[PDB]
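Shown next: query_24.txt, containing compact mmCIF, C-alpha atoms and all ligand atoms.
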# COMPACT_ATOMS: atom_id res chain seq x y z
CA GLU J 1 -68.33 5.48 -69.03
CA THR J 2 -67.87 2.17 -67.22
CA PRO J 3 -65.87 2.50 -63.93
CA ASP J 4 -62.97 0.19 -62.99
CA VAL J 5 -63.86 -2.31 -60.26
CA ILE J 6 -61.38 -5.00 -61.31
CA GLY J 7 -59.79 -6.74 -58.29
CA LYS J 8 -62.49 -5.23 -56.04
CA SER J 9 -65.28 -6.93 -54.05
CA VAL J 10 -69.00 -6.99 -55.04
CA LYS J 11 -69.68 -4.93 -51.92
CA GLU J 12 -67.31 -2.17 -53.17
CA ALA J 13 -68.25 -2.56 -56.86
CA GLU J 14 -71.96 -1.82 -56.28
CA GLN J 15 -70.87 1.17 -54.20
CA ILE J 16 -68.78 2.45 -57.18
CA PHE J 17 -71.63 1.70 -59.66
CA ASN J 18 -74.35 3.46 -57.63
CA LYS J 19 -72.17 6.52 -57.15
CA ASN J 20 -71.75 6.54 -60.96
CA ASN J 21 -75.53 6.27 -61.62
CA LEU J 22 -75.29 2.59 -62.74
CA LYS J 23 -76.69 -0.70 -61.42
CA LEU J 24 -74.92 -3.87 -60.34
CA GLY J 25 -75.84 -6.35 -63.07
CA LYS J 26 -75.60 -10.11 -63.03
CA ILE J 27 -72.99 -11.84 -60.88
CA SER J 28 -71.17 -14.88 -62.23
CA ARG J 29 -68.19 -16.91 -61.00
CA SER J 30 -65.07 -18.03 -62.79
CA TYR J 31 -61.89 -19.80 -61.75
CA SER J 32 -58.81 -17.53 -61.72
CA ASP J 33 -55.16 -17.81 -60.71
CA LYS J 34 -54.55 -14.08 -61.27
CA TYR J 35 -57.17 -12.88 -58.71
CA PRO J 36 -57.79 -14.03 -55.10
CA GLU J 37 -61.31 -15.61 -54.55
CA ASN J 38 -64.20 -13.03 -54.50
CA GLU J 39 -62.46 -10.26 -56.28
CA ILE J 40 -63.90 -8.92 -59.60
CA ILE J 41 -62.21 -10.61 -62.60
CA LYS J 42 -63.98 -8.92 -65.50
CA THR J 43 -66.88 -6.55 -66.19
CA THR J 44 -69.39 -6.07 -68.99
CA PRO J 45 -69.13 -3.41 -70.24
CA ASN J 46 -65.33 -3.34 -69.72
CA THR J 47 -63.70 -0.45 -67.83
CA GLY J 48 -63.89 2.74 -69.88
CA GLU J 49 -66.45 1.29 -72.34
CA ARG J 50 -69.32 3.73 -73.05
CA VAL J 51 -72.46 3.47 -70.90
CA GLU J 52 -75.72 5.43 -70.26
CA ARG J 53 -77.39 6.58 -67.02
CA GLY J 54 -78.98 3.64 -65.26
CA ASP J 55 -77.47 0.88 -67.42
CA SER J 56 -76.34 -2.19 -65.42
CA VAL J 57 -72.83 -3.64 -65.29
CA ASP J 58 -72.38 -7.40 -65.11
CA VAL J 59 -69.50 -8.72 -62.99
CA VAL J 60 -67.48 -11.94 -62.98
CA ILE J 61 -66.01 -12.97 -59.58
CA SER J 62 -62.94 -15.15 -58.83
CA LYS J 63 -63.56 -18.63 -57.43
CA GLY J 64 -59.79 -18.81 -56.90
CA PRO J 65 -57.53 -21.32 -58.69
CA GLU J 66 -59.15 -24.33 -60.41
CA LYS J 67 -57.92 -27.45 -58.54
CA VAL J 68 -57.75 -31.29 -58.80
CA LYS J 69 -57.01 -34.25 -56.52
CA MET J 70 -53.37 -35.27 -56.95
CA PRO J 71 -53.30 -38.89 -58.19
CA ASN J 72 -51.00 -41.58 -56.73
CA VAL J 73 -48.40 -42.33 -59.42
CA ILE J 74 -45.65 -43.81 -57.22
CA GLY J 75 -44.51 -47.16 -58.61
CA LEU J 76 -45.99 -46.70 -62.13
CA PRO J 77 -43.74 -46.47 -65.23
CA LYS J 78 -42.85 -42.87 -66.18
CA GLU J 79 -45.22 -42.56 -69.14
CA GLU J 80 -48.25 -44.02 -67.28
CA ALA J 81 -47.50 -41.51 -64.48
CA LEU J 82 -47.44 -38.52 -66.88
CA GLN J 83 -50.56 -39.57 -68.79
CA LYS J 84 -52.47 -39.96 -65.49
CA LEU J 85 -51.38 -36.40 -64.65
CA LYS J 86 -52.34 -34.94 -68.05
CA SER J 87 -55.71 -36.73 -67.83
CA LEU J 88 -56.45 -34.23 -65.03
CA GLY J 89 -54.96 -31.19 -66.81
CA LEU J 90 -51.70 -31.40 -64.80
CA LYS J 91 -49.05 -30.61 -67.41
CA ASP J 92 -46.36 -28.66 -65.48
CA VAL J 93 -44.31 -31.72 -64.50
CA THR J 94 -40.56 -31.90 -64.07
CA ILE J 95 -38.68 -35.24 -63.88
CA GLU J 96 -35.64 -35.89 -61.66
CA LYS J 97 -33.72 -39.15 -61.94
CA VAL J 98 -32.42 -40.69 -58.73
CA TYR J 99 -31.26 -44.07 -57.61
CA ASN J 100 -33.88 -45.83 -55.56
CA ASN J 101 -34.53 -49.24 -53.89
CA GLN J 102 -38.33 -49.38 -53.89
CA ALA J 103 -39.19 -48.77 -57.58
CA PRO J 104 -37.43 -50.37 -60.56
CA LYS J 105 -35.50 -48.41 -63.21
CA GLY J 106 -37.91 -46.18 -65.19
CA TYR J 107 -40.61 -46.16 -62.47
CA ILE J 108 -41.65 -43.24 -60.24
CA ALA J 109 -40.09 -43.43 -56.75
CA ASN J 110 -41.63 -40.24 -55.31
CA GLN J 111 -44.15 -37.41 -55.87
CA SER J 112 -43.64 -33.75 -55.07
CA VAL J 113 -47.31 -33.43 -54.13
CA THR J 114 -48.83 -36.09 -51.86
CA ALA J 115 -51.62 -38.26 -53.25
CA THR J 116 -54.33 -33.34 -52.09
CA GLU J 117 -56.15 -30.63 -54.05
CA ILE J 118 -53.67 -28.98 -56.40
CA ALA J 119 -54.10 -25.98 -58.71
CA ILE J 120 -53.87 -27.09 -62.39
CA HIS J 121 -51.85 -23.99 -63.34
CA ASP J 122 -48.17 -23.45 -62.25
CA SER J 123 -48.57 -26.60 -60.10
CA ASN J 124 -44.80 -27.29 -60.11
CA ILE J 125 -45.12 -31.08 -59.82
CA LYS J 126 -41.82 -32.90 -59.51
CA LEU J 127 -41.63 -36.61 -60.14
CA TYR J 128 -38.69 -38.70 -59.05
CA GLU J 129 -37.96 -41.42 -61.56
CA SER J 130 -35.97 -44.43 -60.35
CA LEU J 131 -32.65 -45.27 -61.98
CA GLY J 132 -32.81 -48.56 -60.04
CA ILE J 133 -30.32 -49.27 -57.27
CA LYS J 134 -26.83 -47.84 -57.68
CA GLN J 135 -24.61 -50.51 -59.32
CA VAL J 136 -21.27 -50.95 -57.59
CA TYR J 137 -18.47 -53.07 -58.97
CA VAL J 138 -17.53 -56.14 -56.89
CA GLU J 139 -13.75 -56.48 -56.95
CA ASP J 140 -12.60 -60.07 -57.58
CA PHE J 141 -10.40 -61.05 -54.67
CA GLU J 142 -10.15 -64.80 -55.38
CA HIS J 143 -6.83 -66.11 -54.00
CA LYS J 144 -6.09 -62.82 -52.22
CA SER J 145 -6.29 -61.87 -48.53
CA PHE J 146 -9.78 -62.06 -47.06
CA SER J 147 -8.96 -59.23 -44.59
CA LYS J 148 -8.21 -56.87 -47.45
CA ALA J 149 -11.28 -58.23 -49.28
CA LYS J 150 -13.62 -57.68 -46.34
CA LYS J 151 -12.27 -54.19 -45.73
CA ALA J 152 -12.26 -53.04 -49.39
CA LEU J 153 -15.82 -54.27 -49.97
CA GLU J 154 -17.10 -52.97 -46.63
CA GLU J 155 -15.90 -49.49 -47.73
CA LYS J 156 -17.98 -49.81 -50.93
CA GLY J 157 -21.07 -50.58 -48.85
CA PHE J 158 -21.27 -54.35 -49.32
CA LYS J 159 -22.31 -56.84 -46.71
CA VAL J 160 -19.58 -59.54 -46.45
CA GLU J 161 -20.13 -63.14 -45.35
CA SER J 162 -17.65 -65.98 -44.95
CA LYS J 163 -17.37 -69.63 -44.00
CA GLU J 164 -13.98 -71.31 -43.54
CA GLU J 165 -12.54 -74.46 -45.12
CA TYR J 166 -9.28 -76.42 -45.12
CA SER J 167 -6.98 -75.99 -48.11
CA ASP J 168 -3.63 -77.40 -49.12
CA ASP J 169 -2.97 -74.83 -51.88
CA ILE J 170 -4.43 -71.60 -50.39
CA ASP J 171 -2.67 -69.68 -47.59
CA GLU J 172 -4.45 -69.19 -44.30
CA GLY J 173 -6.80 -66.19 -44.58
CA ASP J 174 -6.76 -66.19 -48.37
CA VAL J 175 -9.98 -66.55 -50.36
CA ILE J 176 -10.87 -69.94 -51.81
CA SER J 177 -13.96 -68.57 -53.55
CA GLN J 178 -16.13 -65.45 -53.96
CA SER J 179 -19.66 -64.82 -55.09
CA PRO J 180 -20.37 -62.51 -56.72
CA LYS J 181 -17.06 -61.18 -58.18
CA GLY J 182 -15.81 -59.39 -61.31
CA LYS J 183 -19.20 -57.81 -61.84
CA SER J 184 -21.22 -54.76 -60.84
CA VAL J 185 -24.24 -55.56 -58.62
CA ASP J 186 -26.72 -53.56 -56.46
CA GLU J 187 -25.08 -51.32 -53.87
CA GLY J 188 -25.22 -52.95 -50.42
CA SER J 189 -25.45 -56.49 -51.77
CA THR J 190 -24.08 -59.46 -49.79
CA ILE J 191 -20.73 -60.87 -51.04
CA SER J 192 -20.06 -64.49 -49.93
CA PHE J 193 -16.53 -65.82 -49.30
CA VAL J 194 -14.99 -69.21 -48.73
CA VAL J 195 -11.80 -68.60 -46.79
CA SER J 196 -8.73 -70.73 -46.11
CA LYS J 197 -7.92 -71.85 -42.56
CA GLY J 198 -4.83 -73.74 -43.82
CA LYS J 199 -4.20 -77.51 -44.07
CA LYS J 200 -6.23 -80.07 -42.01
CA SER J 201 -3.05 -80.52 -39.93
CA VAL J 202 -7.37 -82.01 -30.74
CA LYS J 203 -8.55 -85.12 -28.85
CA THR J 204 -10.94 -87.93 -29.83
CA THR J 205 -14.03 -89.50 -28.26
CA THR J 206 -16.64 -91.85 -29.63
CA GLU J 207 -19.76 -91.16 -27.62
CA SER J 208 -22.48 -93.79 -27.73
CA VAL J 209 -26.20 -93.02 -27.48
CA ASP J 210 -29.13 -95.46 -27.60
CA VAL J 211 -31.84 -93.92 -29.83
CA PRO J 212 -35.33 -95.38 -29.25
CA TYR J 213 -37.75 -95.87 -32.13
CA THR J 214 -41.14 -94.32 -31.43
CA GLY J 215 -42.72 -94.36 -34.92
CA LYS J 216 -46.20 -95.49 -35.98
CA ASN J 217 -47.55 -97.73 -38.79
CA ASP J 218 -44.20 -99.65 -38.87
CA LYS J 219 -42.84 -96.62 -40.61
CA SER J 220 -39.26 -95.40 -40.20
CA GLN J 221 -38.29 -92.26 -38.34
CA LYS J 222 -35.53 -89.98 -39.47
CA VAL J 223 -32.62 -89.35 -37.15
CA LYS J 224 -30.49 -86.23 -37.45
CA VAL J 225 -27.33 -85.84 -35.39
CA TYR J 226 -25.89 -82.33 -35.02
CA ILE J 227 -22.37 -81.91 -33.65
CA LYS J 228 -20.47 -78.91 -32.25
CA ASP J 229 -16.72 -79.74 -32.01
CA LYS J 230 -13.28 -78.75 -33.43
CA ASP J 231 -14.43 -78.49 -37.06
CA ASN J 232 -18.20 -78.40 -36.75
CA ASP J 233 -20.40 -75.53 -35.67
CA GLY J 234 -23.63 -77.55 -35.15
CA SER J 235 -25.00 -75.77 -38.21
CA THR J 236 -26.29 -78.68 -40.28
CA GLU J 237 -26.51 -82.39 -39.43
CA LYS J 238 -23.36 -84.48 -39.11
CA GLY J 239 -25.59 -87.60 -39.36
CA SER J 240 -28.78 -88.50 -41.27
CA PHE J 241 -30.41 -91.95 -41.34
CA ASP J 242 -33.69 -93.82 -40.93
CA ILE J 243 -34.54 -95.92 -37.91
CA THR J 244 -37.16 -98.68 -37.65
CA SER J 245 -36.08 -100.03 -34.24
CA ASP J 246 -33.96 -99.05 -31.24
CA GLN J 247 -30.46 -98.14 -32.42
CA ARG J 248 -27.19 -97.64 -30.60
CA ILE J 249 -25.40 -94.82 -32.39
CA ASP J 250 -21.80 -93.70 -32.08
CA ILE J 251 -20.87 -90.04 -32.35
CA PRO J 252 -17.20 -89.19 -33.01
CA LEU J 253 -16.15 -85.86 -31.42
CA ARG J 254 -12.81 -84.04 -31.77
CA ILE J 255 -12.14 -81.32 -29.18
CA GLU J 256 -9.40 -78.64 -28.87
CA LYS J 257 -7.64 -77.55 -25.64
CA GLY J 258 -9.84 -75.61 -23.19
CA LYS J 259 -13.09 -76.31 -25.07
CA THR J 260 -16.27 -78.39 -25.01
CA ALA J 261 -17.95 -80.28 -27.82
CA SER J 262 -21.60 -81.33 -27.88
CA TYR J 263 -24.13 -83.43 -29.81
CA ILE J 264 -27.86 -83.19 -30.36
CA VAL J 265 -29.82 -86.15 -31.70
CA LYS J 266 -33.29 -85.41 -33.11
CA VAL J 267 -35.89 -87.97 -34.29
CA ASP J 268 -38.51 -86.67 -36.73
CA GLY J 269 -37.63 -83.08 -35.72
CA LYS J 270 -37.82 -83.56 -31.95
CA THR J 271 -34.80 -83.55 -29.64
CA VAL J 272 -34.41 -86.98 -28.10
CA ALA J 273 -30.87 -86.83 -26.64
CA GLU J 274 -28.08 -84.26 -26.11
CA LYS J 275 -24.74 -84.06 -24.29
CA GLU J 276 -21.79 -81.73 -23.65
CA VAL J 277 -18.29 -83.23 -23.57
CA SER J 278 -15.10 -81.46 -22.39
CA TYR J 279 -11.61 -81.98 -23.90
CA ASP J 280 -11.24 -84.69 -21.16
EU EU S 301 -62.73 7.47 -72.62
EU EU S 302 -63.90 -21.26 -52.27
EU EU S 303 -44.19 -23.99 -63.20
EU EU S 304 -45.88 -103.97 -36.37

Just give me the structure of the file as structure tokens.
Ligand SMILES: [Eu+2]
Ligand SMILES: [Eu+2]
Ligand SMILES: [Eu+2]
Ligand SMILES: [Eu+2]
Amino acid sequence: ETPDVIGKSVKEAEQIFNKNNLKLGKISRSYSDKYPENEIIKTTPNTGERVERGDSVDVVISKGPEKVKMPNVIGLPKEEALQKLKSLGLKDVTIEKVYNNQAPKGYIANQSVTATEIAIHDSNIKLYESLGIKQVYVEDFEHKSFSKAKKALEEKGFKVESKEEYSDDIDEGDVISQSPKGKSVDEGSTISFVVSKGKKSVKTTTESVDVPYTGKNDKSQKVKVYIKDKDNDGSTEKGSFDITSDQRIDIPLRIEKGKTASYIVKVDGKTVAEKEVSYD
């Protein structure tokens, strides 16, 4: 009767067969998850099946788990991702939904197994499907205190920006306007505020500068005057006009106590003149 060599090596199996007056038969190789590579998987005849003196016994050997190359599915829609996995015999796939900022809602943000040889049985792939970015509600603070606005929205993860403007009907430090507001938007979004610095209720200079024209083809040049003073942060131009000849230009500046104001005059993008002026 056929001896049991299952889980054994070929080396040992032939030893057991010879001892039993039998020959090692043909050797073939099969993928297996149950048996470590180069262990007997199966015999013909099977263990305990009747045999006669000198008959051979064929053996099948483990080539270890059958494997594939893990595909890259990050950024594909869920169903494309799963199909691409099935197409390789990878069917043990669990989905986990998470918020994410790289892949849109319904698209795979992450793979368990990096884009590697994997066994096609009990592979335990996990795919992380994006729910999009977490939506957080932006509290509408129009006509309320900016300080409270900034702080409340900071604590919900928002980035807060503000410029200031004069107002006759909105208390100092109260919000003229807010964008966005009254709405849920992506976590961490920037909320923009226009804030009241009270009513337009400082010294005064008119500075003169001669701007030369340096253009070609009898074509005008564009002059841009940028001012930093009481109510101007030199952000955008306080003056914008074309020049076709030398022009004397006057630049009104209003300066607080203990401060300096300044002007820059550019001509076709290039600085031509600049000056600092103190509250004198
Ligand atoms: Eu028997
Ligand atoms: Eu191998
Ligand atoms: Eu499994
Ligand atoms: Eu000419």

Taking all atoms listed in the file into account, report as an mmCIF file with C-alpha atoms, in the coordinates of the input which residues have an atom no farther than 10 Å from an atom of ligand EU 301 (chain S).
data_model
loop_
_atom_site.group_PDB
_atom_site.id
_atom_site.type_symbol
_atom_site.label_atom_id
_atom_site.label_comp_id
_atom_site.auth_asym_id
_atom_site.auth_seq_id
_atom_site.Cartn_x
_atom_site.Cartn_y
_atom_site.Cartn_z
ATOM 1 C CA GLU J 1 -68.330 5.480 -69.030
ATOM 2 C CA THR J 2 -67.870 2.170 -67.220
ATOM 3 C CA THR J 47 -63.700 -0.450 -67.830
ATOM 4 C CA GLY J 48 -63.890 2.740 -69.880
ATOM 5 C CA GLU J 49 -66.450 1.290 -72.340
ATOM 6 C CA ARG J 50 -69.320 3.730 -73.050
#

**Message:** Around ligand EU 303 (chain S), out to 6 Å and counting all atoms listed in the file, which residues are there? I want them as a ChimeraX atom specification.
**Reply:** /J:92,122-124

Against ligand EU 302 (chain S), which residues of chain J fall within 8 Å? For each one I want the closest pair of atoms and the distance in Å (one decimal), counting all atoms listed in the file, rows by chain and increasing residue number, as a Markdown table.
| residue | atom | partner | partner_atom | distance |
| --- | --- | --- | --- | --- |
| J:37 | CA | S:EU302 | EU | 6.6 |
| J:63 | CA | S:EU302 | EU | 5.8 |
| J:64 | CA | S:EU302 | EU | 6.7 |

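Considering the residues J:244, J:189, J:262, J:167 and counting all atoms listed in the file, ligand EU 304 (chain S) has its shortest atom-to-atom contact with J:244.
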
**Asked** Nearest to residue 226 (chain J) among J:33, J:174, J:4, J:274, with distances taken over all atoms listed in the file: which residue is it?
**Response** J:274

**Item:** Atomic separation - CA of residue 36 (chain J) relative to CA of residue 22 (chain J), Å
**Value:**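 According to the coordinates, CA of residue 22 (chain J) and CA of residue 36 (chain J) are separated by 25.3 Å.
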